Amino acid sequence: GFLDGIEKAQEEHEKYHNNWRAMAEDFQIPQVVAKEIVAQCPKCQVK
Amino acid sequence: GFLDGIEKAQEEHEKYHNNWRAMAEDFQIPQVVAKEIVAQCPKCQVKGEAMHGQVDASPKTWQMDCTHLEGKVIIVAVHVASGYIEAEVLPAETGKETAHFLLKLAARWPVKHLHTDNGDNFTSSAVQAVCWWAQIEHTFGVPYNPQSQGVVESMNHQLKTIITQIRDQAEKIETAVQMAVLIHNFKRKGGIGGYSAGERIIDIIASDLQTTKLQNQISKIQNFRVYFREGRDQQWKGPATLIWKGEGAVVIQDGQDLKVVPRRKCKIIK
Amino acid sequence: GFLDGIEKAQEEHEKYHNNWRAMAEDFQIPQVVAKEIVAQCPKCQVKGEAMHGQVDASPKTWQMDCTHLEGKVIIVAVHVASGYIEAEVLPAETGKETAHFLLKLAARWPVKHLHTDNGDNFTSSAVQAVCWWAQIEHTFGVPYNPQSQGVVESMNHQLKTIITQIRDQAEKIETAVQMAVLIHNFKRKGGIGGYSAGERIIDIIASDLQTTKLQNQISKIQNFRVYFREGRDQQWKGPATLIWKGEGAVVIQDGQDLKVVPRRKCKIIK
Amino acid sequence: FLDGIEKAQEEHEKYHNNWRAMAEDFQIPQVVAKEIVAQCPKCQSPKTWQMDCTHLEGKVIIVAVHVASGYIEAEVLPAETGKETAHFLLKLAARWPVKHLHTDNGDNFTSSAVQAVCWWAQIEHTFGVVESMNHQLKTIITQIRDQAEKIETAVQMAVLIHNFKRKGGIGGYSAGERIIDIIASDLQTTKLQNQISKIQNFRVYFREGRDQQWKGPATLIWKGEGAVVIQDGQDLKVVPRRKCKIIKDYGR
Amino acid sequence: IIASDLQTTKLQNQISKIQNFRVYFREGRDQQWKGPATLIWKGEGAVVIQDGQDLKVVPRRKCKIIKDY
DNA sequence: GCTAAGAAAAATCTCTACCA
DNA sequence: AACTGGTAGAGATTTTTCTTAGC
DNA sequence: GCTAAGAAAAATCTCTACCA
DNA sequence: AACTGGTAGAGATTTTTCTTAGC
Ligand SMILES: [Zn+2]
Ligand SMILES: [Zn+2]
Ligand SMILES: [Zn+2]
Ligand SMILES: [Zn+2]
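Protein chains in written order, with the authors' numbering: chain E, 0 to 46; chain A, 0 to 269; chain I, 0 to 269; chain B, 1 to 44, 57 to 140, 150 to 273; chain F, 203 to 271.
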């Protein structure tokens, strides 16, 4: 499963602030959870 | 968002073992995440895939089995492509009687493929010696899966119904077995072409022999080689044999493999 | 002609027991005569008719059964129209425990129809006394036909799979039975409306009560009697009640029976 | 079409062919060719078996030989009573279509068990090739005797070598191909005869050209899509469908 | 040096994502469900699985193949 | 003389139990 | 790495064939 | 500014084992 | 004279939704 991928994507966006398609292609999670990870950041903005 | 929903759904499936729709409706997570949460559980995953196979139907394949009736041991062999039944009564369920019955069946009819289960008598040195001397490919089914040799079990059901139909005309059970074989073979019509079993097996073997001789006499005097272009890349392959020239496509033989190529991607050299 | 063919086919079926296609193709008789020759034999006629029934689905009908697991006796009662499961563990398979369980179930939920098999404990004086005191219509199925109460056997399969899923979280088997009842009732969604079992039984009983009160308050202040003409002869029937006036047909109630009559054959009197 | 029928009539008048050769050459349907053959005054067994008992090394062998191709089915009996002979005859009648049995005047061939088996299987029993086949089978048995432990294994292996390995004759075929081809030809003949009777149970009123009258009742032979072949006045002719009325004939 | 490492990681990622499957199978006299195994060959009707360095042939009707995303 | 309503007869499709 | 459910019968629905009234 | 190719995600249909 | 098989899940195929290049 990609649940550990979701946890690692949360840690990686907390450090480096990636965008959604980059994390979805690297950690192999679906695009809705990656867009939600980018959406929950108060400093980032999905574009 | 729904990330705390994902964590709470993981703990709730760890305790209660929900299906994916209950978690996707209670915690408002998307359905792919709930399906993955269900898919990553080993206590779950108890279901097949709901599909059926298709057994071999070559024109020289036989299937064999043994059954019980009135304390006797009947042995049934069935030609698959027509439904032709031979049956005998054995004194015991050893390997020598099965090897002798297989030798008699191989001496009567042309046998090139035999299919059986994993019984203790079908896997023996005598049956292996008979198969080696008569050049028969012996294959076994999966253990504890009776649907592999489904034809011979269906023929067991038909033979038992006929035996119960004409039981009062014989004294012993062996005479009733042979009379049931005769009644099933020549007195029951209906099926593929409206034939019985004997007319269908005669038609199958005669058509096989005639079409082999006809295609040999056709293919020994041929010409018109064909160079064709196929594949994901536009490459060119070597000499192939033209079989039939049709309005829309052609049939080519290459490396003892038959293919259908449209007429745009081929050129014929005489 | 074929009259000697008919006599010879009668003797040949008397000896060999052919099917109708073999006689109709060998003796050149028409197929209706061969079908009648097959139909007039008592040694033949061994087949069903290949159809299935449909069990009762009234909103107050329950089905009950008993099963075995780990040497214990589980008893399962299922509300049919929603799939609601209650289950208990009995010390024995006598009649007093079944009567007490039926009395508890009748005290919890409204029961007006009970369906069971022909077991030795469901047909007893204690169960008859409980059904008489609680005014429950007790009906039995056909003996040796388990497909009549198919819902409770399917729920036995579901309950056993859940019990095998969550067995390692309890010590005794009774706690695992009650936890499997809770998991089946409130933690599994999907079905008619996407509900679980508890939401569906709540919706069914609430909708029944609300629609009875609504149609009583509608029908107590009605008017516009309708005289209609139906039947194979053009007769006239008496006073019927108009229910709904639709574009194409009307709904009438006559003798506590509902009918749909088109607008050409009816006249309304205020 | 009509030219092909007239060419087939002249060819059968000259050389007296069969119906398969004319139906393959002249491109006419097989019912018309069989009609042309059956109308000739000068042009007018696949189910017979022979039985035998023999002795070899203290055992009793029974051989049944299909005569028209040379097909041997053999078995080893424990004794020479009538019941085991009736059981072997019942097995032979259960596997292959038998309608005529040819035996000698033995004792075990004349018994109530063999009579009841022949009555239940409807076989004509006649009391009078086989010696030549017994000589060939015993030479093969003495040829491959050392490769078998018992006698029955050598018997069945000799039956296999005789049926599917020894090739001869005109075209160089074995015995199994000959019996299968003969039985297939008999099956084709019976199916075509059933179709011939089912078509010939009709009648046709035909109307000639430049005449508004219907002629005499001619018998239908083959009903096509645009043409209709009829027999009238001991002569075959082709009339189009727009000048014909096909009616049922009750003329038993 | 680094470019060859990039092409090697591309090829190794594709090779690792081709055929990494899990199979839950059902076998025995009493038809029980057993743990995960590795899929080797998948034809129409039956599959071949490796479990505990043992090769077994199980029909597709009595096994479930879990893939990877 | 020709056409068509109507009823009988044959051909085709869907669904189930039993064999292990 | 190379394995697999099938057979026959009972009704329901559609199609072909045959007899006869009307113009 | 508007339209449409393309891919992901959700909704629907068909088919099987097990309970007696 | 008043009785009857059903439930849930795995894939395959069709439909809706979302993001982005081209004019
Ligand atoms: Zn951020
Ligand atoms: Zn789980
Ligand atoms: Zn009968
Ligand atoms: Zn002649």
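Ideal Cβ positions, reconstructed from N, Cα and C, are used throughout, including at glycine.
- Sequence-distant partners of residue 95 of chain A (beyond 5 residues in either direction) whose C-beta falls short of 6 Å from its own C-beta, in its chain, are 125.
- Distances from the CB of residue 42 of chain E to the heavy atoms of ligand 1 include at least one below 8 Å.
- Per DSSP, reduced to three states, the secondary structure at residue 93 of chain B is coil, with no helix or strand assignment.
- Using a Cβ distance threshold of 9 Å, residue 100 of chain I and residue 113 of chain I do not count as a contacting pair.
- Bridge pairing for residue 224 of chain B: B:268 [DSSP].
- Looking at the DSSP output, residue 78 of chain I bridges to I:61, I:83.
- The beta carbon of residue 27 of chain I sits no closer than 9 Å to any beta carbon of chain A.
- At a cut-off of 9 Å between C-beta atoms, residue 160 of chain A counts as an interface residue with respect to chain I.
- Pairwise C-beta distances place the region 247 to 260 of chain B in contact with the region 221 to 231 of chain B, as three or more of them are shorter than 8 Å.
- With a cut-off of 8 Å, the C-beta of residue 37 of chain B is classified as near ligand 4, since at least one heavy atom of the ligand falls inside that distance.
- Sixteen is the threshold: when 16 or more other Cβ atoms of the shown chains lie within 10 Å of the Cβ of residue 78 of chain I, as they do, the residue is buried.
- Under the DSSP definition of a beta bridge, residue 258 of chain A partners with A:251.
- Relative to ligand 4, even the nearest heavy atom lies 8 Å or more away from the CB of residue 114 of chain A.
- At a cut-off of 8 Å, the beta-carbon of residue 12 of chain A counts as near ligand 2: some heavy atom of the ligand is closer than that.
- Listed along chain A, the residues sitting closer than 7 Å to residue 39 of chain E by beta-carbon distance are 0.
- Of the residues assessed, residue 262 of chain F falls on the buried side of the cut-off, its CB having 16 or more other CB atoms within 10 angstroms.
- Contacts between residue 35 of chain E and chain A, judged by CB atoms closer than 8 Å, involve 0, 1, 2 in chain order.
- The Cβ of residue 56 of chain A sits no closer than 9 Å to any Cβ of chain F.
- Residue 102 of chain B has a beta carbon lying within less than 9 Å of a beta carbon in chain A.
- Taking a cut-off of 8 Å for Cβ pairs, the region 257 to 271 of chain F and the region 46 to 54 of chain A touch, as three or more such pairs fall below it.
- In the DSSP assignment, residue 185 of chain A falls outside any beta strand (DSSP E) and within the unbroken alpha helix (DSSP H) covering 172 to 185.
- Only residues of its own chain outside the window of five on either side were considered, and among them 11 have a CB closer than 7 Å to the CB of residue 17 of chain E, listed in chain order.
- Taking CB atoms only, residue 16 of chain I has a neighbour in chain A less than 9 Å away.
- Chain-ordered listing is empty here: chain A has no CB closer than 9 Å to the CB of residue 45 of chain E, the nearest sitting near 12 Å.
- Bounds of any alpha helix (DSSP H) do not take in residue 252 of chain F; it lies within the beta strand (DSSP E) bounded by 248 to 252.
- Looking at the DSSP output, residue 239 of chain A sits in a beta bridge with A:225.
- For residue 266 of chain F, the chain A residues whose C-beta falls within less than 8 Å of its own C-beta are 44, 46, 47, 48, listed in chain order.
- Contacts with chain A (Cβ-Cβ distance below 8 Å) from the region 182 to 198 of chain I involve 182, 186, 187, 188, 189, 193, 195, listed in chain order.
- Beta-bridge partners of residue 37 of chain I (DSSP): none assigned.
- Taking 9 Å as the threshold, the shortest C-beta distance from residue 233 of chain F to chain A falls below it.
- When the Cα atoms are used, residue 40 of chain I and residue 165 of chain A turn out to be separated by approximately 13 Å.
- It is roughly 26 Å from the alpha-carbon of residue 161 of chain A to the alpha-carbon of residue 118 of chain A.
- Looking at the backbone, the Cα of residue 206 of chain F and that of residue 5 of chain A are separated by about 40 Å.
- Annotation for residue 235 of chain F: the continuous beta strand (DSSP E) segment containing it runs 234 to 244.
- Neighbours of residue 52 of chain A across chain F, judged by C-beta separation under 8 Å: 246, 247, 248, 261, 262, 263.
- At least 9 Å separates the CB of residue 232 of chain A from every CB of chain B.
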